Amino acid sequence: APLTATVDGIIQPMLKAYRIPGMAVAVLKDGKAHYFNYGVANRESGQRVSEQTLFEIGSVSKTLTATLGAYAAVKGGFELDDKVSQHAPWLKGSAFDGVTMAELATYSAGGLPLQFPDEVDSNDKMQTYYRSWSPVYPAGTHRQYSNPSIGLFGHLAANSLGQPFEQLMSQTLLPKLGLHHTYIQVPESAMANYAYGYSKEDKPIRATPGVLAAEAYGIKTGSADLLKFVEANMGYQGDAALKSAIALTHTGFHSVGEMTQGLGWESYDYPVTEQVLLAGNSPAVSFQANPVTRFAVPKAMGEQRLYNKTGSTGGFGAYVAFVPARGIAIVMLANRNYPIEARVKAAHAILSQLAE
């Protein structure tokens, strides 16, 4: 073998080193899905991980939120270059008069922070927060990774179609993507599949609920459903609107170094080195404001790219990467929040091999 041995040789040492109780890994190669399952979903019960185990994917959720937002645009709810307050009456007169929906989606509204301030934890206080927010930078000039930013994008995009976000996600988007084992709120029927996360203190934990949580980091899913979503991104057919929506998430709106920001997905010119992938996923990019390289117009980024997204929650660590031109992808879902650097290194190791 190369493939079982390739994945095993990379994943198993990493689990030992970061004491990861469980991981589900899925890869795509030559049209087919391959599942590699390690350890336990639940330490107390000993339930083993499978490709049907539900994990919190954290901010990988943004790629689905982005797809939802794109879908609403395609269906005419809004245009990406519309000012945000065109689609939020309660933001008329605020800074959002001068921010576009695209800018919201791509963390470039002007310095919205990584998280809401702590007592911005209700709908009323969230509205006042945005109404009263004072931009740090001119719109479209700085990227600062931000849950309030893509949070509001997803919320307003769903509203442009007349529905709450969770309804649009659960009743329209996920069903059209053929993702029937993916959830914002895990139903009682599926709870037996729901892994526990583990904190640094080895205490079992699950996601803290909150304002715009569903939009920013709210999805629970297993490796098989998530790879199916990645497959849709490699070459989807059928629903013309959904096809167009997926295309839109592969549009790049600006770059920061070698990373081009899309809707949800971040991408790189392919081939890409480990060092470059690491840098683009590092705190240098994710934890502080960066000035962007502006694009004259948004551009379709195409097939010879590596697309990816990191996600974590208090107890979970997720990574997804895919390369459409080479027909390869990896999904790595774990129930410990272990370093992104290890995620990226292992994924690059495996993808480098799949491309053989």
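We number the residues from 1 along the sequence you see. We call the rigid core the largest set of C-alpha positions that still match within 1.5 Å between the two forms.
Put simply, when the other structures in 4 other deposited structures of this protein are lined up on the rigid core, the C-alpha atoms of 208-216 lie farther off than those of the other stretch, from 208-216 and 100-108. Larger average C-alpha displacement in 4 other deposited structures of this protein, relative to the shown form after a rigid core fit, is seen for 195-203 when comparing 228-236 with 195-203. The deposited model assigns a higher average Cα B-factor to 229-237 than to the other stretch when 229-237 and 259-267 are compared. The stretch with the higher mean CA B factor, choosing between 200-208 and 172-180, is 200-208. When the C-alpha B-factors of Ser132, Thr106, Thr251, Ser223 are read from the PDB record, the largest value belongs to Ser132. Looking only at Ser244, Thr141, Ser94, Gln163, the residue with the top Cα B factor in the deposited structure is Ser94. Per-chain ranking of the deposited C-alpha B factor places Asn308 in the lowest third. Per the PDB record, residue ranking by Cα B-factor puts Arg48 in the highest third of the chain. Split the chain's modelled residues into thirds by C-alpha temperature factor. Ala41 is in the highest one. Per the PDB record, residue ranking by Cα B-factor puts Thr128 in the highest third of the chain.
Sort the modelled residues of the chain by CA B factor and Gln86 lands in the middle third.
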